[PDB]
Amino acid sequence: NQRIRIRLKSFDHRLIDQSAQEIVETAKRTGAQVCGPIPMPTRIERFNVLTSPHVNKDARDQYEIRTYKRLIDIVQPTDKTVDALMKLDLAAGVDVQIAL
Amino acid sequence: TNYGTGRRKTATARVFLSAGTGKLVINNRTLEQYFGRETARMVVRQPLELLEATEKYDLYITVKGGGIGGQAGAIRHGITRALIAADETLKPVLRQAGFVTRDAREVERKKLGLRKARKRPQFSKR
Amino acid sequence: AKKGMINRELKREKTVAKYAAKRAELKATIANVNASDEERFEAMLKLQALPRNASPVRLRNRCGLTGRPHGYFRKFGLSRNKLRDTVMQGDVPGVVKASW
Amino acid sequence: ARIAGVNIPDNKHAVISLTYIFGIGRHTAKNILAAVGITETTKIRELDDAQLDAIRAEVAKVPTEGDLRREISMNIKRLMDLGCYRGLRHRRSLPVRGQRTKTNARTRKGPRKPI
Amino acid sequence: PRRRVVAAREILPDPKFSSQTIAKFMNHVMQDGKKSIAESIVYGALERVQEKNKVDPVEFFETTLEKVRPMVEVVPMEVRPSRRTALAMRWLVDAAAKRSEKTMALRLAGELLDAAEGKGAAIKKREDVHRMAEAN
Amino acid sequence: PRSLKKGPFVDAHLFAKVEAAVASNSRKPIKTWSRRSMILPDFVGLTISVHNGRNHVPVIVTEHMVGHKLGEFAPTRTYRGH
RNA sequence: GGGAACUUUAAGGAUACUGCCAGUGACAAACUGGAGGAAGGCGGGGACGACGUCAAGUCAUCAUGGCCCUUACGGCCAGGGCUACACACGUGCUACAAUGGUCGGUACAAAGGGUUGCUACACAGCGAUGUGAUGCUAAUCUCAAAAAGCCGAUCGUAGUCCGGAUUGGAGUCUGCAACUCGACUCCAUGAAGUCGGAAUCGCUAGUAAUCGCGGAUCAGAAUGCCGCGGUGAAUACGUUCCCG
């Protein structure tokens with residue numbers, strides 16, 4: 001019943017999808033069964049920034065930043081599975097959390 | 001037996017249509033308990049009334065999101081799709097009635113510098 | 001901003017850092033119900049006897065590059081003038097122009 | 001009927017009629033009626049004498065007209081004599097609780113005075 | 001619009017009698033989107049009229065509307081068929097307001113019943129409009 | 001106003017001066033900038049020079065002043081009409 | 001327990017092109033109508049601002065040529081002011097009521113925020129709130145009650161059971177500290193106002209109107225600003241007149 005839960009967070013959904021694909025392929029190689037990847041709801045934060053130095057309240061830039069989240073479940077681990085996951089390299093821009 | 005999905009202004013309706021004798025239930029409630037204003041009930045009942053078939057089917061309906069008008073419209077759309085999924089030849093009559101179309105109108109966003117989607121603050125030359 | 005105002009902000013931050021633990025202990029003693037009312041009054045007097053800059057309500061957020069005191073955006077630590085320029089040339093990760 | 005020295009309307013409910021006495025609001029009226037035992041929807045016209053004196057006894061327990069007006073006047077006069085900030089505002093007939101006076105002070109000031 | 005001709009919007013018939021006249025009258029009655037209140041008022045008025053006399057509401061209403069319908073607006077300009085119904089329902093709405101019955105549905109029912117016999121504030125509205133119509 | 005569970009607020013130096021005078025019986029005014037200190041019953045019978053922004057105004061404390069702040073008796077703005 | 005159907009979540013794809021039919025146009029561009037289709041002629045909205053104009057705005061975000069001050073035009077502190085008040089204007093909010101006010105019962109959202117934070121629940125208080133205590137680093141727990149809506153009772157056109165300014169008294173919370181100069185709660189008070197002159201503003205559809213909800217700034221302090229959904233209209237014959 002040793003279940004491994006992996007949560008991926010990023011600011012770039014292509015990067016996060018690449019990482020999720022790499023992880024699921026690495027696990028399927030060692031032969032443990034996988035569940036996911038499951039996409040969690042995205043968070044969106046918006047900002048309004050005045051562009052003129054002194055006075056134009058109607059002249060503004062609207063920016064945003066998104067946080068993408070992916071969930072991966074590992075069931076029936078093989079001994080090689082955890083070692084392969086730990087030897088997996090850390091891609092820049094993607095945050096990975098592993099819970100047992 | 002047959003299934004239909006309806007959508008109208010952020011409302012979504014799941015409709016299960018079978019053969020029987022006219023029971024109707026929405027979110028484990030009757031039509032009169034669920035909808036208080038009678039025009040919503042007429043909107044819900046329009047498809048079967050237009051077919052003269054209100055005593056030959058059982059309807060099991062779940063609905064979520066939106067307001068009363070949106071939910072009534074979604075339920076009507078779902079009933080139409082469920083009837084079409086039961087008898088294909090019925091579609092011309094429902095399309096003539098106008099029940100097959102998915103209404104796409106939705107709330108417009110507020111815009112920078114305006115009070116609303118279109119309303120503009122009061123202007124003065126002097 | 002002038003250099004004096006920036007140094008003033010630095011001095012207040014240093015004072016707040018220096019008096020952090022004593023103030024928290026005093027407030028805990030004040031909010032403690034088991035202690036005698038004489039003890040609570042004494043703690044109130046000691047708290048009122050600290051230097052003014054020890055209190056955090058006198059700190060003002062300023063831009064990390066220019067020291068501007070208006071338009072702060074806690075998330076980035078930059079005022080609007082520098083935030084616009086830094087975002088629009090790509091040095092802020094994940095931030096893009098927003099449309100919806 | 002005459003209660004506390006004024007004639008309250010007889011064709012209204014008691015909770016609305018008792019509010020016509022200075023110093024009694026809706027909350028106090030329903031409190032008095034609940035304390036005595038009359039329903040809030042009973043009109044004054046269908047109230048017998050005994051319940052009328054029962055209401056009068058309860059109204060005797062709160063400052064209503066002359067005592068209350070005298071007390072308010074004394075409070076204002078004390079501030080004006082003392083000469084604190086609120087007393088100065090009362091003397092000059094200006095807002096007392098910190099509102100703006102550059103515009104929008106017409107309730108205290110009265111109608112506009114032409115230059 | 002300096003080049004275009006914009007087609008007149010088409011509104012749905014009412015769910016109860018399937019009458020576009022009733023639907024447009026309801027839209028004229030409604031204020032700020034309270035269609036439920038407007039429906040209650042209009043349906044109550046028609047029900048009251050039907051109780052007073054056993055006549056079918058759709059032709060009852062359209063007959064009274066034809067009687068109140070003006071041929072000339074207010075200084076005579078000439079108007080189109082839609083304008084006829086427009087100002088007819090406009091005047092019909094106002095008279096019930098200054099009537100004195102307790103509920104708006106009852107007030108409107110009284111106004112319709114009295115206009116059906118020519119004794120309606122909308123009726124003298126039309127009469128005055130006509131009296132200025134023979135002016136020019 | 002200030003919550004009763006905390007009690008009145010008086011500046012420590014002003015309280016020290018007042019209690020010193022009252023333990024003694026001195027009569028010259030007590031000069032202060034503490035416009036925010038509350039008037040306590042011990043203040044009665046004393047003259048306090050309260051700052052008002054540009055000057056020190058003398059205030060002779062009476063019984064009814066108890067419960068006010070010192071600044072209420074030293075106005076800060078000057079107005080005489082338009 | 002279980003299922004992977006449905007809703008949803010979120011990545012990748014398909015689809016619309018006058019493609020088909022009937023007339024027009026000119027023998028074209030284009031224009032008119034019909035079928036199928038979720039959608040038909042640019043389906044709706046956003047970002048994107050050509051060559052140029054106004055010695056337009058910003059030396060107080062910042063940088064910078066020149067000029068000026070140097071025991072002071074630099075620097076440190078406490079108190080006060082930016083909140084004044086015979087008046088005039090701009091932008092808003094709340095009303096003048098019955099398509100409404102109050103009371104009781106009962107339904108339906110979207111988006112967003114939360115670890116020096118949001119708090120289930122119990123107790124205390126009329127209430128703002130306080131004490132104990134539980135979950136949450138969040139599609140997991142929480143802010144949170146949507147409001148207008150529907151059913152019933154009452155009020156019966158009154159300056160009122162409309163309106164909620166101003167003032168007296170008593171409190172809570174943040175904060176070293178609410179006098180000048182905070183927000184909120186309770187009792188009392190109950191102003192103008194009965195739809196607004198000459199004149200003038202916004203809007204062509206999920207729009208106007210109306211109803212509630214969230215966030216940045218922020219110890220505390222929105223009727224402003226930026227967003228979200230609910231209910232949901234009327235009218236356009238035309239280019240003389242006004243403006244660009």
Side-chain angles (χ1 to χ4, degrees), chain A residues 13 17 38-42 46-48 52-55, chain B residues 3 5 9-10 12 14 34 36-37 62 64-69 71 100-102 104-110 112 117-124, chain C residues 1 4 47-48 50 52 55-57 63 66 68 71-73 79 81-82 97 99-100, chain D residues 16 22-23 25 27-28 41 68 71-72 75-76 85 95-96 98 100-102 105-108 112-113 115, chain E residues 1-2 6 9 27-38 41 80 102 104, chain F residues 1-4 9 33 35-36 51-54 68-72 75-77 79 81-82:
Chain A
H13 73 78
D17 289 328
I38 302 139
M40 295 322 216
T42 314
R46 300 234 174 83
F47 301 98
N48 299 269
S52 174
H54 190 235
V55 283
Chain B
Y3 173 79
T5 287
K9 292 172 78 154
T10 71
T12 311
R14 296 153 74 245
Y34 196 83
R37 53 191 285 204
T62 299
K64 221 189 293 281
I68 45 192
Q71 291 196 337
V100 295
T101 304
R102 201 276 196 212
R105 310 178 281 164
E106 65 143 34
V107 166
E108 202 176 317
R109 67 160 274 189
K110 199 206 153 293
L112 163 65
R118 311 262 183 111
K119 157 183 215 180
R120 203 174 277 285
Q122 196 168 261
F123 159 84
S124 173
Chain C
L47 172 65
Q48 290 165 9
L50 299 177
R52 268 174 196 197
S55 147
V57 298
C63 176
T66 68
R68 190 183 205 267
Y72 177 56
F73 297 96
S79 286
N81 300 71
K82 290 287 124 144
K97 284 269 265 186
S99 33
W100 72 92
Chain D
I16 317 284
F22 191 81
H27 177 84
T28 315
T41 36
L68 189 64
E71 214 194 317
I72 298 151
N75 295 129
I76 291 153
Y85 193 60
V96 179
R100 78 192 283 126
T101 64
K102 177 177 204 182
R106 298 258 65 110
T107 283
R108 291 292 268 159
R112 308 185 144 70
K113 268 179 306 315
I115 286 172
Chain E
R2 275 241 157 81
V6 184
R9 188 172 330 256
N27 290 326
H28 274 81
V29 171
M30 159 181 62
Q31 321 210 246
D32 80 48
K34 300 161 134 324
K35 189 86 81 85
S36 266
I37 300 185
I41 296 177
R80 322 211 317 272
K102 294 222 153 13
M104 180 65 163
Chain F
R2 181 186 183 76
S3 174
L4 309 160
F9 170 79
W33 292 259
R35 292 181 56 96
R36 60 189 193 176
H51 202 241
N52 77 342
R54 73 166 146 185
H68 293 50
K69 310 286 210 87
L70 273 170
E72 319 203 23
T76 64
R77 304 191 186 79
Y79 178 66
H82 290 282

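So you know, we letter chains A, B, ... as the sequences are listed, proteins then strands, and number each from 1. Just so it is clear, the values below take in all heavy atoms, side chains as well, and ignore hydrogens, waters and symmetry mates.
- Rounding to whole angstrom units, CZ of residue F:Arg2 and P of G:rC176 are separated by 10 Å.
- Proximity of E:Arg2 to the phosphate of G:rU239: no side-chain N or O atom is located under 4.0 Å from OP1 or OP2.
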Short N/O separations, protein against nucleotides 7-10 of chain G, under 3.5 angstrom:
{"residue": "G:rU8", "atom": "OP1", "partner": "B:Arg7", "partner atom": "NE", "Å": "3.4"}
{"residue": "G:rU8", "atom": "OP2", "partner": "B:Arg7", "partner atom": "NH2", "Å": "3.3"}
{"residue": "G:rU9", "atom": "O2'", "partner": "A:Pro39", "partner atom": "O", "Å": "3.0"}
{"residue": "G:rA10", "atom": "OP1", "partner": "A:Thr42", "partner atom": "N", "Å": "3.3"}

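- B:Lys119 has a side-chain polar atom (N or O) that falls below the 4.0 Å cut-off from OP1 or OP2 of G:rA209.
- G:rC17 has its base syn relative to the sugar, with a glycosidic angle deviating from 0 by at most 90°.
- Contact check, D:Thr28 against G:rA188: a side-chain N or O comes under 4.0 Å of OP1 or OP2.
- Which of G:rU167, G:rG90, G:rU235 sits closest to the side chain of B:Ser124 comes down to G:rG90.
- Contact check, B:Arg120 against G:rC203: a side-chain N or O comes under 4.0 Å of OP1 or OP2.
- Its glycosidic angle being more than 90° from 0, G:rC155 falls on the anti side.
- A sub-4.0 Å separation between OP1 or OP2 of G:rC87 and a side-chain N or O of D:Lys113 is present.
- OP1 and OP2 of G:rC228 both lie 4.0 Å or more from every side-chain N or O belonging to B:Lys110.
- For G:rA88, one of the phosphate oxygens OP1 or OP2 lies less than 4.0 angstrom from a side-chain nitrogen or oxygen of D:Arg112.
- Here G:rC211 presents its P atom at 13 Å from CD of E:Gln31, a figure rounded to the nearest Å.
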